[PDB]
Structures are given as structure tokens and as C-alpha cells.
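Participant: The file below is start_7.txt, compact mmCIF, C-alpha atoms:
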# COMPACT_ATOMS: atom_id res chain seq x y z
CA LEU A 3 8.52 -38.94 -9.92
CA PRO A 4 6.93 -40.45 -6.84
CA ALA A 5 3.42 -41.83 -7.36
CA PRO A 6 0.67 -39.24 -6.80
CA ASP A 7 -1.04 -39.73 -3.43
CA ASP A 8 -4.80 -39.84 -3.89
CA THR A 9 -5.51 -40.39 -0.18
CA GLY A 10 -3.57 -37.21 0.49
CA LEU A 11 -5.41 -35.36 -2.27
CA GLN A 12 -8.72 -36.56 -0.77
CA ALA A 13 -7.69 -35.17 2.62
CA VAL A 14 -6.69 -31.76 1.13
CA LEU A 15 -10.09 -31.36 -0.53
CA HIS A 16 -11.94 -32.42 2.64
CA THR A 17 -9.93 -29.93 4.67
CA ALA A 18 -10.72 -27.14 2.19
CA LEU A 19 -14.42 -27.86 2.57
CA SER A 20 -14.05 -27.75 6.39
CA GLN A 21 -12.50 -24.29 5.99
CA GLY A 22 -15.30 -22.83 3.84
CA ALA A 23 -14.84 -23.89 0.25
CA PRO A 24 -18.25 -25.03 -1.04
CA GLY A 25 -16.43 -27.35 -3.46
CA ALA A 26 -12.87 -28.36 -4.21
CA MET A 27 -11.36 -30.56 -6.90
CA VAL A 28 -8.11 -31.67 -8.58
CA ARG A 29 -6.98 -33.43 -11.75
CA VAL A 30 -3.53 -34.96 -12.33
CA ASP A 31 -2.29 -36.08 -15.70
CA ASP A 32 0.51 -38.47 -14.68
CA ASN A 33 2.18 -39.28 -18.00
CA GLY A 34 -1.07 -40.66 -19.43
CA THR A 35 -2.69 -41.98 -16.26
CA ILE A 36 -5.37 -39.69 -14.88
CA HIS A 37 -6.14 -38.93 -11.23
CA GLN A 38 -9.37 -37.04 -10.52
CA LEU A 39 -11.01 -36.14 -7.22
CA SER A 40 -13.73 -33.68 -6.21
CA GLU A 41 -15.70 -32.96 -3.05
CA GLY A 42 -18.66 -30.67 -2.36
CA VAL A 43 -20.81 -28.42 -4.48
CA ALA A 44 -20.60 -26.38 -7.68
CA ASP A 45 -23.74 -24.54 -6.64
CA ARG A 46 -24.34 -24.28 -2.89
CA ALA A 47 -27.93 -23.08 -3.26
CA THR A 48 -29.05 -25.92 -5.55
CA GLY A 49 -26.66 -28.51 -4.10
CA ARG A 50 -25.30 -29.53 -7.50
CA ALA A 51 -22.07 -31.46 -6.95
CA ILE A 52 -18.71 -30.11 -8.22
CA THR A 53 -16.83 -32.28 -10.70
CA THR A 54 -13.46 -32.10 -12.45
CA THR A 55 -15.18 -31.32 -15.79
CA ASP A 56 -16.78 -28.12 -14.49
CA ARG A 57 -15.54 -24.95 -16.17
CA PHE A 58 -14.26 -22.10 -14.00
CA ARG A 59 -12.54 -18.71 -14.04
CA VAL A 60 -8.78 -19.25 -13.89
CA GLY A 61 -7.91 -15.67 -12.84
CA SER A 62 -4.23 -14.80 -13.06
CA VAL A 63 -3.39 -18.10 -14.83
CA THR A 64 -4.42 -15.93 -17.79
CA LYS A 65 -1.02 -14.26 -17.55
CA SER A 66 0.64 -17.46 -18.85
CA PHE A 67 -1.62 -17.40 -21.90
CA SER A 68 -0.73 -13.75 -22.51
CA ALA A 69 2.96 -14.52 -22.09
CA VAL A 70 2.83 -17.38 -24.57
CA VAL A 71 1.31 -15.05 -27.19
CA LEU A 72 3.97 -12.41 -26.55
CA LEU A 73 6.81 -14.94 -26.75
CA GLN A 74 5.49 -16.26 -30.07
CA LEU A 75 5.53 -12.59 -31.29
CA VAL A 76 9.21 -12.51 -30.20
CA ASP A 77 9.83 -15.71 -32.23
CA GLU A 78 8.23 -13.98 -35.21
CA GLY A 79 10.45 -10.92 -34.94
CA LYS A 80 7.61 -8.56 -33.96
CA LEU A 81 8.59 -7.87 -30.38
CA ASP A 82 11.93 -7.40 -28.60
CA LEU A 83 11.83 -8.30 -24.88
CA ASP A 84 14.45 -5.62 -24.09
CA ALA A 85 12.79 -2.76 -25.99
CA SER A 86 10.89 -0.04 -24.11
CA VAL A 87 7.15 -0.55 -23.75
CA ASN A 88 6.81 3.01 -25.10
CA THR A 89 8.59 1.93 -28.29
CA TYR A 90 5.37 0.07 -29.21
CA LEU A 91 2.77 2.06 -27.23
CA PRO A 92 4.15 5.62 -27.46
CA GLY A 93 3.48 7.84 -24.49
CA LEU A 94 1.88 5.02 -22.51
CA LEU A 95 4.17 4.89 -19.50
CA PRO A 96 5.85 7.88 -17.78
CA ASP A 97 9.31 6.22 -18.08
CA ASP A 98 10.76 5.03 -21.38
CA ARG A 99 13.16 2.81 -19.44
CA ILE A 100 10.42 0.30 -18.59
CA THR A 101 10.90 -2.67 -20.91
CA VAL A 102 8.70 -5.52 -22.09
CA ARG A 103 10.80 -8.07 -20.14
CA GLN A 104 10.41 -6.04 -16.94
CA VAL A 105 6.62 -5.89 -17.38
CA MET A 106 6.35 -9.62 -18.03
CA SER A 107 8.40 -10.48 -14.90
CA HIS A 108 6.71 -7.92 -12.55
CA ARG A 109 9.88 -5.82 -12.30
CA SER A 110 8.44 -2.70 -13.95
CA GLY A 111 7.37 -0.82 -10.78
CA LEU A 112 3.84 -0.21 -12.19
CA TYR A 113 1.40 0.15 -9.30
CA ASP A 114 -1.37 -2.44 -9.16
CA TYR A 115 -4.68 -0.52 -9.58
CA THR A 116 -6.56 -3.50 -8.10
CA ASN A 117 -5.24 -2.51 -4.67
CA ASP A 118 -7.52 0.55 -4.97
CA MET A 119 -10.45 -1.48 -6.35
CA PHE A 120 -10.62 -4.22 -3.73
CA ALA A 121 -9.62 -2.46 -0.52
CA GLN A 122 -13.02 -3.75 0.67
CA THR A 123 -13.62 -7.21 -0.88
CA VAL A 124 -17.35 -7.39 -1.48
CA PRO A 125 -17.98 -3.66 -2.08
CA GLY A 126 -15.12 -3.61 -4.57
CA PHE A 127 -16.47 -6.65 -6.36
CA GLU A 128 -19.89 -4.94 -6.47
CA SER A 129 -18.20 -1.84 -7.93
CA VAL A 130 -16.34 -3.56 -10.78
CA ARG A 131 -18.39 -6.66 -11.61
CA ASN A 132 -20.60 -5.02 -14.24
CA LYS A 133 -18.14 -2.41 -15.51
CA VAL A 134 -16.37 -2.41 -18.87
CA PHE A 135 -12.93 -0.80 -18.94
CA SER A 136 -10.62 -0.10 -21.83
CA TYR A 137 -6.98 -1.19 -21.44
CA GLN A 138 -6.08 2.52 -21.29
CA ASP A 139 -8.57 3.10 -18.46
CA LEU A 140 -6.74 0.55 -16.30
CA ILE A 141 -3.33 1.95 -17.17
CA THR A 142 -4.53 5.42 -16.23
CA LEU A 143 -5.74 4.14 -12.87
CA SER A 144 -2.31 2.64 -12.20
CA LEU A 145 -0.51 5.84 -13.24
CA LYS A 146 -2.47 7.89 -10.70
CA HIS A 147 0.14 6.39 -8.31
CA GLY A 148 3.93 6.68 -8.56
CA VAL A 149 5.84 3.63 -9.61
CA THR A 150 6.89 1.51 -6.60
CA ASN A 151 10.52 0.92 -7.66
CA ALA A 152 13.02 1.72 -10.36
CA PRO A 153 12.59 -0.07 -13.79
CA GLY A 154 13.73 -3.62 -13.41
CA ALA A 155 14.83 -3.22 -9.85
CA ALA A 156 12.42 -5.19 -7.66
CA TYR A 157 9.83 -7.95 -8.04
CA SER A 158 6.37 -6.58 -7.26
CA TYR A 159 3.42 -8.45 -8.73
CA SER A 160 1.08 -6.14 -10.55
CA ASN A 161 -1.93 -6.83 -12.73
CA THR A 162 -1.06 -3.60 -14.59
CA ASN A 163 1.83 -5.44 -16.21
CA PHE A 164 -0.46 -7.90 -17.99
CA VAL A 165 -2.87 -5.08 -18.93
CA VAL A 166 0.19 -3.74 -20.78
CA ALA A 167 0.68 -7.23 -22.21
CA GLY A 168 -2.85 -7.28 -23.71
CA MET A 169 -2.31 -3.77 -25.14
CA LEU A 170 0.91 -4.92 -26.78
CA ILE A 171 -0.65 -8.02 -28.23
CA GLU A 172 -3.51 -6.00 -29.76
CA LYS A 173 -1.31 -3.19 -31.04
CA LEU A 174 1.26 -5.42 -32.71
CA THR A 175 -1.12 -7.99 -34.21
CA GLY A 176 -4.07 -5.71 -35.08
CA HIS A 177 -6.30 -8.39 -33.51
CA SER A 178 -8.19 -8.80 -30.24
CA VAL A 179 -6.55 -10.82 -27.48
CA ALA A 180 -9.46 -13.30 -27.83
CA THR A 181 -8.50 -13.94 -31.47
CA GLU A 182 -4.82 -14.32 -30.64
CA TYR A 183 -5.51 -16.74 -27.75
CA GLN A 184 -7.82 -18.76 -29.96
CA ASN A 185 -5.52 -19.00 -32.96
CA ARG A 186 -2.16 -19.48 -31.15
CA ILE A 187 -3.24 -21.63 -28.16
CA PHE A 188 -6.87 -22.74 -27.84
CA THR A 189 -7.29 -24.21 -31.30
CA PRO A 190 -3.83 -25.76 -31.79
CA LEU A 191 -4.12 -27.56 -28.38
CA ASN A 192 -7.84 -28.36 -28.84
CA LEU A 193 -8.74 -26.71 -25.51
CA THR A 194 -12.50 -27.28 -25.91
CA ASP A 195 -13.29 -25.97 -22.41
CA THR A 196 -11.22 -22.77 -22.66
CA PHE A 197 -12.63 -19.37 -23.54
CA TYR A 198 -12.02 -15.64 -23.45
CA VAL A 199 -15.45 -13.98 -23.69
CA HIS A 200 -14.79 -10.58 -22.12
CA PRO A 201 -16.90 -8.54 -21.42
CA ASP A 202 -19.57 -11.23 -21.40
CA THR A 203 -20.54 -12.32 -17.89
CA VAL A 204 -21.81 -15.81 -18.77
CA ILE A 205 -19.59 -18.85 -18.28
CA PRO A 206 -20.33 -21.13 -21.28
CA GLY A 207 -21.49 -24.66 -20.40
CA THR A 208 -21.53 -26.50 -17.12
CA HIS A 209 -19.47 -24.61 -14.56
CA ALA A 210 -18.66 -24.23 -10.94
CA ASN A 211 -20.27 -21.16 -9.38
CA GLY A 212 -17.90 -18.86 -7.52
CA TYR A 213 -18.52 -17.84 -3.91
CA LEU A 214 -16.77 -14.78 -2.59
CA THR A 215 -16.02 -14.85 1.14
CA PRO A 216 -16.86 -11.53 2.78
CA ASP A 217 -14.30 -9.71 4.90
CA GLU A 218 -16.55 -10.15 7.97
CA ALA A 219 -15.82 -13.46 9.70
CA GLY A 220 -18.75 -15.83 9.44
CA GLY A 221 -20.51 -13.57 6.91
CA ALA A 222 -22.76 -15.02 4.20
CA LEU A 223 -21.07 -15.99 0.92
CA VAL A 224 -21.71 -13.90 -2.20
CA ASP A 225 -22.32 -15.57 -5.55
CA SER A 226 -19.61 -13.98 -7.73
CA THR A 227 -19.92 -16.30 -10.76
CA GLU A 228 -21.08 -13.79 -13.38
CA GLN A 229 -18.92 -10.74 -13.92
CA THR A 230 -17.14 -9.06 -16.82
CA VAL A 231 -13.64 -9.48 -15.38
CA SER A 232 -12.97 -6.27 -17.37
CA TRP A 233 -10.83 -5.05 -14.49
CA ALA A 234 -8.30 -7.77 -15.45
CA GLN A 235 -8.76 -8.80 -19.15
CA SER A 236 -5.37 -10.17 -20.35
CA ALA A 237 -4.29 -10.33 -16.67
CA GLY A 238 -7.23 -12.50 -15.58
CA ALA A 239 -10.32 -13.22 -17.70
CA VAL A 240 -9.72 -16.73 -19.20
CA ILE A 241 -12.24 -19.51 -18.50
CA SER A 242 -10.96 -23.12 -18.56
CA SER A 243 -11.10 -26.61 -17.06
CA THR A 244 -8.69 -28.81 -15.11
CA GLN A 245 -8.07 -31.00 -18.21
CA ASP A 246 -7.34 -27.98 -20.40
CA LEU A 247 -5.00 -26.27 -17.99
CA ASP A 248 -3.13 -29.60 -17.60
CA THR A 249 -2.88 -29.80 -21.42
CA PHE A 250 -1.70 -26.19 -21.70
CA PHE A 251 1.06 -26.38 -19.05
CA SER A 252 2.19 -29.80 -20.29
CA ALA A 253 2.46 -28.42 -23.82
CA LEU A 254 4.30 -25.35 -22.59
CA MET A 255 6.88 -27.24 -20.51
CA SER A 256 7.45 -29.94 -23.15
CA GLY A 257 8.38 -27.29 -25.71
CA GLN A 258 5.33 -27.22 -27.98
CA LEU A 259 4.30 -23.56 -27.73
CA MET A 260 7.41 -21.51 -28.68
CA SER A 261 11.05 -21.86 -29.63
CA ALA A 262 13.47 -23.41 -27.11
CA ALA A 263 15.13 -19.94 -26.94
CA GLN A 264 11.90 -18.21 -25.84
CA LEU A 265 10.99 -20.98 -23.35
CA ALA A 266 14.39 -20.48 -21.79
CA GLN A 267 13.69 -16.75 -21.52
CA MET A 268 10.32 -17.54 -19.91
CA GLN A 269 12.10 -19.63 -17.24
CA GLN A 270 14.68 -17.01 -16.21
CA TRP A 271 13.55 -16.80 -12.58
CA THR A 272 13.20 -13.61 -10.55
CA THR A 273 13.05 -14.43 -6.86
CA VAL A 274 9.56 -14.14 -5.28
CA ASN A 275 10.37 -15.74 -1.93
CA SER A 276 12.68 -18.53 -0.70
CA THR A 277 10.63 -21.27 -2.38
CA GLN A 278 9.28 -19.46 -5.45
CA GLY A 279 10.31 -17.67 -8.64
CA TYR A 280 8.63 -15.67 -11.39
CA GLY A 281 9.75 -15.93 -15.03
CA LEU A 282 7.85 -14.28 -17.87
CA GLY A 283 4.21 -14.81 -16.99
CA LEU A 284 5.15 -18.07 -15.25
CA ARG A 285 5.62 -19.17 -11.63
CA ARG A 286 8.03 -21.70 -10.12
CA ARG A 287 7.17 -23.40 -6.80
CA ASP A 288 9.71 -25.52 -4.94
CA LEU A 289 8.10 -28.47 -3.16
CA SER A 290 9.08 -30.08 0.10
CA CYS A 291 10.49 -33.20 -1.52
CA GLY A 292 12.99 -31.24 -3.62
CA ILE A 293 10.89 -31.16 -6.85
CA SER A 294 10.13 -27.80 -8.55
CA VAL A 295 6.98 -27.30 -10.58
CA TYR A 296 6.00 -24.63 -13.09
CA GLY A 297 2.71 -22.93 -13.96
CA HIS A 298 0.58 -20.25 -12.31
CA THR A 299 -1.96 -19.57 -9.59
CA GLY A 300 -5.21 -17.67 -9.98
CA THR A 301 -7.49 -15.72 -7.67
CA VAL A 302 -10.62 -14.15 -9.17
CA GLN A 303 -13.71 -13.51 -7.05
CA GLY A 304 -14.97 -16.88 -5.87
CA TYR A 305 -12.26 -19.03 -7.48
CA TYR A 306 -8.83 -20.23 -6.38
CA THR A 307 -6.76 -22.06 -9.01
CA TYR A 308 -3.42 -23.86 -8.94
CA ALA A 309 -2.08 -25.15 -12.30
CA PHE A 310 1.48 -26.57 -12.38
CA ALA A 311 3.50 -29.13 -14.35
CA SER A 312 6.83 -30.84 -13.97
CA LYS A 313 9.82 -29.52 -15.86
CA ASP A 314 9.36 -31.88 -18.83
CA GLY A 315 5.54 -31.49 -18.87
CA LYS A 316 4.98 -35.16 -18.19
CA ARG A 317 2.99 -34.67 -14.99
CA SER A 318 0.54 -31.75 -14.67
CA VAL A 319 -1.90 -30.86 -11.89
CA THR A 320 -4.77 -28.39 -11.73
CA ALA A 321 -6.70 -27.79 -8.50
CA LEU A 322 -9.73 -25.50 -8.00
CA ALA A 323 -11.72 -24.38 -4.94
CA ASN A 324 -14.84 -22.27 -5.67
CA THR A 325 -14.24 -19.65 -3.06
CA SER A 326 -11.87 -16.75 -2.69
CA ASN A 327 -10.86 -14.32 0.10
CA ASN A 328 -10.32 -17.33 2.35
CA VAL A 329 -6.68 -17.73 3.15
CA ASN A 330 -7.19 -21.06 5.00
CA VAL A 331 -8.63 -22.54 1.80
CA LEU A 332 -5.89 -20.98 -0.35
CA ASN A 333 -3.13 -22.46 1.83
CA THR A 334 -4.82 -25.84 2.00
CA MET A 335 -5.30 -26.05 -1.75
CA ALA A 336 -1.56 -25.51 -2.26
CA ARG A 337 -1.03 -28.91 -0.63
CA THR A 338 -2.49 -30.61 -3.71
CA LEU A 339 0.91 -29.98 -5.35
CA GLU A 340 2.67 -31.80 -2.52
CA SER A 341 0.43 -34.86 -2.69
CA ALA A 342 0.40 -34.94 -6.50
CA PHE A 343 4.16 -34.48 -7.11
CA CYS A 344 5.86 -35.61 -3.88
CA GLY A 345 3.38 -38.46 -3.09
CA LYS A 346 2.95 -40.23 0.24
CA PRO A 347 5.21 -38.85 2.96
Please rewrite the model in this file as C-alpha cells.

Facilitator:
Amino acid sequence: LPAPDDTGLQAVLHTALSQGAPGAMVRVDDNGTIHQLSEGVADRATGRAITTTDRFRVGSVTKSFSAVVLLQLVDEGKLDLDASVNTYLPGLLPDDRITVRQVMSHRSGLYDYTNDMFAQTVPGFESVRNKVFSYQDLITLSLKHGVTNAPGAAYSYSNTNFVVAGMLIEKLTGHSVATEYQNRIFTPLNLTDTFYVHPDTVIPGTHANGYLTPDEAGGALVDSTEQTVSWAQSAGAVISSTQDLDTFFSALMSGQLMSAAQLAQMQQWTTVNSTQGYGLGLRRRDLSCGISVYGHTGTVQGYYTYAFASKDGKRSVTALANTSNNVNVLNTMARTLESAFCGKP
């Protein structure tokens, strides 16, 4: 790999601040040499500076944790990727043809209930932030809508799929998803900054605050730090750090978290767009210099995450901006992958 470009990383973070991120940061683990940069504030009202050790909400990166659990259940003989979801959760879905593999790759057609929840950004956040939902509640909200495509037929990202994932994990193990994450992932990798505390609203330890950008241009930011994330659960509620997400995706890609057979299943790519794929709870992004990287993005109110590693796990990068609903920031923060993996142009 090219050398990571810290001057380029510095410029990406500075640009994200200029576009409305209160703080932005990035950590690279380059085969045992660390790169770490941060600019701006964790708390914009107190002025406390952001740093790469601050914990944050990783949003949809949670799907990779859920997928790892499910693929270990496949290794143990408890789950068949090509069985019907309804085989394990009878009567859950209106169509028996929807399979576990299709849910985990966003090919199930299940409508994403969060499109109803966040049609207005700040009002929808205000509606859900202090609510507790069961898994079944969220499924029911999805099933108010028809499926969007035939089983397996189309890629369509949907949080509902990883609500199903959490339901499967709990049904087949008899344990909470928190227990399964802790025993199968957090403890074995010593992820000391990583938690699943749902429905608690507190972020344990020193953390970046999240700042939700309102839909109105120029509108005042909303502190969105403390929420249940019950609307997402196994689709979105993990808390972590840049070091821990680097450790997790390095371990995943280097073959430490499941059998070779199940990692290969996880990396069977469904096309997302001309430079991206989706596996089983896993994203592929193709970079300008001809390198692909593997991991996941997250968007939860007030937090944008990128967490990706090289194919062999030897270089991993996690970047965080503590805003959301700001597409300029989102697009800028993607450039951290270019500077970290492709290096100086």
C-alpha cells in the first residue's frame, strides 16, 4: 500500500469543519504504525476539543457486528443462510420465500420503517429519541408497507433487515444481542471502548457529543447525543471508538472472527453502485487508486462514521464527524479513505 497521507487527512478534517461539522477525526492503523488526527470540538457549547479516543455512536456499522454473530451461528450449525426467515421466526414475514441471506444483503424487499420516522429530520428525532420499541414493533411498522421488490431480486438498503437479524440472534441463542456481542466480539477482541447499552441513553465515558443539522439551511444545531437508539437496535445502537473499530475490521478481514467459509460468504458482493458492493452486513468501496476497502458506514443523529480495512486487515481506518444530515460533511469525510489508503496524489 501507498503511505497514508496525513497532510491530505488534515485537509479533509479542516474542510469538514468549514462545512459544519463541529469536530472531525480519523485514526489509521497502518500495519502497526498509528496515524491520528482530529480538529474541532466534541462539545460545541463547552468548547471541549474532539480527540481520537472519544467514544461515539457508530450507527449502521452495528450491522457488521450483527452479521458476525449470525455467521458464527452458521459456523455452529444453528442457522442456515438459505433457510426462510419464517423457519426460525414463524409468521414474522408475509412471504416465506424471504431468506436469511437476502435479509443480510438487503435483497429481502422489506420496507425501511425509518423512512416514515425521519421524513422531517429534527421532528422525527424528537419523536423517537426517548421511545423504547420491541423488535416486533419495528417489524410491524415495516409491514404496514408492501415489500419493495421480490425476495432476493434487488438491492435496497433497509434497517428492517438488521432488526430481523437481532430477532434471529435472540431467538436462536436465548440471549440478548448485548450478551452475544459481548461474548463473541467485544471480549475476545478486548474492545474496551465498545458497548451496546440499549435502551440506555448515556454514552459511557468520555465521548463526542452529536449535533444534528436541521433541515432548514443555516438553522441551529440540535444536541442529539443522548437517545435510546431503540428505533435501530441491532441495526444501529453500538457505541465504539476509532481504535476499536480499526481492531474489529482488521480482525474480521484477517480471518479471526469466523471460518474462512463464512468470511467468503460475507464477501459475496451485491452491487450497490458502480464503485460499491454489499456483502452480508459488510460494504465494499472501490477507491480512485484501484484499491478496494471493506467495512461499513454509519449515520445516527449527530454522527457520521466511516470504518474500513484493506483486504488482509493490515491497514484499517476509522473516521468520525459529530454531525449528521449534512451531505457536504458526509461527502468530505469519505475522502479520508482516499488519503489513508491511496496516499498523496

Participant: Skipping near chain neighbours, those fewer than 5 positions away, what residues fall within 10 Å of residue A:161 using all atoms listed in the file, listed as a count of residues only?

Facilitator: 21

Participant: Do a neighbour search on residue A:199 at 10 Å with only C-alpha atoms, toss out local chain neighbours closer than 4 positions, and write the hits as a PyMOL selection string.

Facilitator: chain A and resi 180+203-206+230-231+235+239-241

Participant: Restricting the calculation to all atoms listed in the file, which member of A:15, A:321, A:70, A:336 is positioned closest to residue A:185?

Facilitator: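 Looking only at the distances to residue A:185, the closest residue turns out to be A:70.
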
Participant: Neighbours of residue A:175 within 9 Å (only C-alpha atoms; same-chain residues fewer than 6 positions away dropped), as a PDB file with C-alpha atoms, in the coordinates of the input?

Facilitator:
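To be explicit, this is the file written out as out23.pdb:
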ATOM      1  CA  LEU A  75       5.530 -12.590 -31.290  1.00  0.00           C
ATOM      2  CA  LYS A  80       7.610  -8.560 -33.960  1.00  0.00           C
ATOM      3  CA  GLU A 182      -4.820 -14.320 -30.640  1.00  0.00           C
TER       4      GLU A 182
END

Participant: Please determine, counting all atoms listed in the file, which residue among A:274, A:284, A:95, A:255 has the shortest atom-to-atom distance to residue A:318.

Facilitator: A:255

Participant: Atom CA of residue A:296 and atom CA of residue A:278, how far apart in Å?

Facilitator: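 Value for the atom CA of residue A:278-atom CA of residue A:296 distance: 9.8 Å.
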
Participant: Compute the distance from (10.4, -6.0, -18.4) to each atom, counting all atoms listed in the file, keep the residues with any atom at most 9 Å away, and return them as an NGL selection string; use the coordinates of the file.

Facilitator: :A and (83-87 or 100-110 or 153-154 or 163 or 282)

Participant: Please provide as an MDAnalysis selection string all residues within 10 Å of stretch 327-330 of chain A, with the sequence filter that same-chain residues fewer than 4 positions apart are discarded (counting only C-alpha atoms).

Facilitator: chainID A and resid 17:18 20:23 123:124 213:217 219 301:306 334:335

Participant: Tell me which protein, DNA and RNA residues are within 12 Å of residue A:3, counting only C-alpha atoms, leaving out same-chain ones fewer than 3 positions away, and put them as JSON, numbers by chain.

Facilitator: {"A": [6, 7, 32, 33, 291, 292, 293, 294, 295, 311, 312, 313, 314, 316, 317, 318, 340, 341, 342, 343, 344, 345, 346]}

Participant: Which residue is closest to residue A:207? Choose from A:192, A:290, A:242, A:64 and count all atoms listed in the file.

Facilitator: A:242

Participant: Return the single residue from A:280, A:198, A:271, A:310 that is closest to residue A:248, with distances computed using only C-alpha atoms.

Facilitator: A:310

Participant: Around the point (3.4, -24.1, -21.1), in the coordinates given by the file, pick out the residues reaching within 9 Å, counting all atoms listed in the file, and return them as an NGL selection string.

Facilitator: :A and (66-67 or 70 or 249-260 or 265 or 284 or 296-297 or 311 or 315)

Participant: Measuring atom to atom with all atoms listed in the file, identify which of A:68, A:266, A:247, A:60 is nearest to residue A:319.

Facilitator: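 Smallest separation from residue A:319 among the options: A:247.
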
Participant: Counting all atoms listed in the file, figure out which residue out of A:157, A:94, A:197, A:245 gets nearest to residue A:37.

Facilitator: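 Counting all atoms listed in the file, the residue closest to residue A:37 is A:245.
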
Participant: Kindly give the distance, in Å, that separates atom CA of residue A:339 and atom CA of residue A:57, rounded to a single decimal.

Facilitator: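 Interatomic distance, atom CA of residue A:339 to atom CA of residue A:57: 20.3 Å.
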
Participant: Mind giving me the straight-line distance from atom CA of residue A:40 to atom CA of residue A:53 in Å, one decimal?

Facilitator: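 Rounded to one decimal, the two atoms are 5.6 Å apart.
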
Participant: Please rebuild stretch 76-94 of chain A with N, CA, C and O atoms and return the result as a PDB file, in the frame of the given file.

Facilitator:
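rebuild.pdb, written as the output of this step:
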ATOM      1  N   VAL A  76       7.743 -12.631 -30.218  1.00  0.00           N
ATOM      2  CA  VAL A  76       9.210 -12.510 -30.200  1.00  0.00           C
ATOM      3  C   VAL A  76       9.800 -13.479 -31.198  1.00  0.00           C
ATOM      4  O   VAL A  76      10.666 -13.113 -31.996  1.00  0.00           O
ATOM      5  N   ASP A  77       9.352 -14.741 -31.217  1.00  0.00           N
ATOM      6  CA  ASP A  77       9.830 -15.710 -32.230  1.00  0.00           C
ATOM      7  C   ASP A  77       9.598 -15.221 -33.636  1.00  0.00           C
ATOM      8  O   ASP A  77      10.469 -15.509 -34.486  1.00  0.00           O
ATOM      9  N   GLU A  78       8.518 -14.513 -33.878  1.00  0.00           N
ATOM     10  CA  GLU A  78       8.230 -13.980 -35.210  1.00  0.00           C
ATOM     11  C   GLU A  78       8.940 -12.690 -35.543  1.00  0.00           C
ATOM     12  O   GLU A  78       8.777 -12.221 -36.701  1.00  0.00           O
ATOM     13  N   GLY A  79       9.686 -12.134 -34.594  1.00  0.00           N
ATOM     14  CA  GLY A  79      10.450 -10.920 -34.940  1.00  0.00           C
ATOM     15  C   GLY A  79       9.626  -9.669 -34.744  1.00  0.00           C
ATOM     16  O   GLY A  79      10.083  -8.602 -35.173  1.00  0.00           O
ATOM     17  N   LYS A  80       8.460  -9.729 -34.104  1.00  0.00           N
ATOM     18  CA  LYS A  80       7.610  -8.560 -33.960  1.00  0.00           C
ATOM     19  C   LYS A  80       7.766  -7.815 -32.668  1.00  0.00           C
ATOM     20  O   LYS A  80       7.190  -6.729 -32.501  1.00  0.00           O
ATOM     21  N   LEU A  81       8.541  -8.395 -31.716  1.00  0.00           N
ATOM     22  CA  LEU A  81       8.590  -7.870 -30.380  1.00  0.00           C
ATOM     23  C   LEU A  81       9.986  -8.163 -29.859  1.00  0.00           C
ATOM     24  O   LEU A  81      10.457  -9.305 -30.073  1.00  0.00           O
ATOM     25  N   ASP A  82      10.619  -7.200 -29.212  1.00  0.00           N
ATOM     26  CA  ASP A  82      11.930  -7.400 -28.600  1.00  0.00           C
ATOM     27  C   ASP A  82      11.723  -7.297 -27.101  1.00  0.00           C
ATOM     28  O   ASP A  82      11.262  -6.242 -26.648  1.00  0.00           O
ATOM     29  N   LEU A  83      12.035  -8.358 -26.345  1.00  0.00           N
ATOM     30  CA  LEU A  83      11.830  -8.300 -24.880  1.00  0.00           C
ATOM     31  C   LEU A  83      12.540  -7.125 -24.199  1.00  0.00           C
ATOM     32  O   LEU A  83      12.059  -6.661 -23.162  1.00  0.00           O
ATOM     33  N   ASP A  84      13.687  -6.691 -24.769  1.00  0.00           N
ATOM     34  CA  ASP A  84      14.450  -5.620 -24.090  1.00  0.00           C
ATOM     35  C   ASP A  84      14.198  -4.224 -24.629  1.00  0.00           C
ATOM     36  O   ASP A  84      14.826  -3.243 -24.175  1.00  0.00           O
ATOM     37  N   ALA A  85      13.239  -4.100 -25.565  1.00  0.00           N
ATOM     38  CA  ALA A  85      12.790  -2.760 -25.990  1.00  0.00           C
ATOM     39  C   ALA A  85      11.844  -2.152 -24.933  1.00  0.00           C
ATOM     40  O   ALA A  85      11.121  -2.837 -24.208  1.00  0.00           O
ATOM     41  N   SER A  86      11.849  -0.821 -24.899  1.00  0.00           N
ATOM     42  CA  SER A  86      10.890  -0.040 -24.110  1.00  0.00           C
ATOM     43  C   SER A  86       9.448  -0.409 -24.454  1.00  0.00           C
ATOM     44  O   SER A  86       9.123  -0.515 -25.653  1.00  0.00           O
ATOM     45  N   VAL A  87       8.573  -0.454 -23.469  1.00  0.00           N
ATOM     46  CA  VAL A  87       7.150  -0.550 -23.750  1.00  0.00           C
ATOM     47  C   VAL A  87       6.709   0.610 -24.667  1.00  0.00           C
ATOM     48  O   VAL A  87       5.912   0.420 -25.609  1.00  0.00           O
ATOM     49  N   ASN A  88       7.202   1.809 -24.334  1.00  0.00           N
ATOM     50  CA  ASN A  88       6.810   3.010 -25.100  1.00  0.00           C
ATOM     51  C   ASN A  88       7.289   2.960 -26.540  1.00  0.00           C
ATOM     52  O   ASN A  88       6.751   3.719 -27.359  1.00  0.00           O
ATOM     53  N   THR A  89       8.264   2.091 -26.895  1.00  0.00           N
ATOM     54  CA  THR A  89       8.590   1.930 -28.290  1.00  0.00           C
ATOM     55  C   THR A  89       7.374   1.514 -29.096  1.00  0.00           C
ATOM     56  O   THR A  89       7.224   1.922 -30.250  1.00  0.00           O
ATOM     57  N   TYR A  90       6.529   0.640 -28.530  1.00  0.00           N
ATOM     58  CA  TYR A  90       5.370   0.070 -29.210  1.00  0.00           C
ATOM     59  C   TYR A  90       4.060   0.790 -28.908  1.00  0.00           C
ATOM     60  O   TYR A  90       3.165   0.795 -29.738  1.00  0.00           O
ATOM     61  N   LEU A  91       3.970   1.387 -27.733  1.00  0.00           N
ATOM     62  CA  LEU A  91       2.770   2.060 -27.230  1.00  0.00           C
ATOM     63  C   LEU A  91       3.231   3.460 -26.796  1.00  0.00           C
ATOM     64  O   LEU A  91       3.503   3.721 -25.622  1.00  0.00           O
ATOM     65  N   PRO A  92       3.452   4.358 -27.779  1.00  0.00           N
ATOM     66  CA  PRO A  92       4.150   5.620 -27.460  1.00  0.00           C
ATOM     67  C   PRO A  92       3.343   6.412 -26.443  1.00  0.00           C
ATOM     68  O   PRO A  92       2.095   6.521 -26.435  1.00  0.00           O
ATOM     69  N   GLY A  93       4.044   7.070 -25.544  1.00  0.00           N
ATOM     70  CA  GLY A  93       3.480   7.840 -24.490  1.00  0.00           C
ATOM     71  C   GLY A  93       2.726   7.054 -23.456  1.00  0.00           C
ATOM     72  O   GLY A  93       2.069   7.722 -22.613  1.00  0.00           O
ATOM     73  N   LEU A  94       2.713   5.726 -23.473  1.00  0.00           N
ATOM     74  CA  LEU A  94       1.880   5.020 -22.510  1.00  0.00           C
ATOM     75  C   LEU A  94       2.346   5.183 -21.060  1.00  0.00           C
ATOM     76  O   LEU A  94       1.537   5.466 -20.173  1.00  0.00           O
TER      77      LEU A  94
END
